[PDB]
């Protein structure tokens, strides 16, 4: 197994189409022992993660809750056993209020909404690293999820801004994590048909926003030299496991693109 013997925390499962669900499944297939964290609907999340190939302890973590973060390391150590540390951490968390995405005009998003989205989607990457680095082994790996924000696009709006912030946060987290012998990187994935994404294409955030996201998805597969299957998160999950493994040992502060090569092609 690629991750045999490694102890890895995976955040961000909410449904069986969550990117983090497939990260967790592939990691377990590769021998990793997992600790899961979930937000708000913990009964639902437990029922979802019962379908993973192996049982895993589930801990509550709202990344806006300073008490959850202050206790997180101790709860993880209780789950994996005293004297054991984590080898990996997966941040697979995002949120932006509806005013910050969709046909809702970019200029009409109130800052309270934008600030909440940047808190959950970018600042919390630093929050989780702060909480967990003291219980991570040298040679460890922190990985977060990205959507390439280097160019503007329709509908993503303030979530794009939050991803630009996250990429910057990742480069500073790498500075801190390096003191522990730990790497920090992001995986920039192409579009994946999660439940939230399927709802947006169906028009949950306005019709023309849904139309624009559908055109974005089509252009992605067209641009990708090896194609892009938005219905299959496994290539993204394998890329996250590659970063969690010992096989990218000199990469940190960086972004790995699991997007079919689409960002390397103009058309």
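Positions refer to the first chain, counted from 1. For the two forms, the rigid core is made up of the largest set of C-alpha atoms that agree within 1.5 Å on superposition.
Novice: In 7 other deposited structures of this protein, superposed on the rigid core, which stretch sits farther off in Cα RMS terms, 23 to 31 or 214 to 222?
Specialist: Farther on average in 7 other deposited structures of this protein: 214 to 222.
Novice: Using only the Cα atoms and their B-factors as the entry lists them, report which of 197 to 205 and 216 to 224 averages higher.
Specialist: It is 197 to 205.
Novice: Taking the mean of the C-alpha B-factors per stretch from the entry, tell me the winner out of 166 to 174 and 81 to 89.
Specialist: In the deposited entry, the stretch with the higher C-alpha B-factor mean is 81 to 89.
Novice: Out of 184, 99, 157, 121, which residue has the highest Cα temperature factor in the PDB record?
Specialist: Highest C-alpha B-factor among the listed residues goes to 99.
Novice: Check the PDB entry and point out which of 48, 236, 230, 242 has the largest C-alpha temperature factor.
Specialist: In this record, 48 carries the highest C-alpha B-factor of the candidates.
Novice: Divide the modelled residues of the chain into thirds by Cα B-factor and specify which third, lowest, middle or highest, holds residue 136.
Specialist: As the PDB entry reports it, the C-alpha B-factor of residue 136 lands in the middle third of its chain.
Novice: Can you tell me whether residue 114 has a C-alpha B-factor in the lowest, middle or highest third compared with the other modelled residues of the same chain?
Specialist: CA B-factor rank for residue 114: middle third.
Novice: For residue 189, does the deposited CA B-factor place it in the lowest, middle or highest third of the chain?
Specialist: Its C-alpha B-factor, which the entry lists for residue 189, ranks in the lowest third among residues of this chain.
Novice: Compared with the other modelled residues in the chain, in which third is the CA B-factor of residue 74?
Specialist: Answer is highest: the recorded C-alpha B-factor places it there.
Novice: Among the modelled residues of this chain, does the Cα B factor of residue 16 put it in the lowest, middle or highest third?
Specialist: Answer is highest: the recorded C-alpha B-factor places it there.
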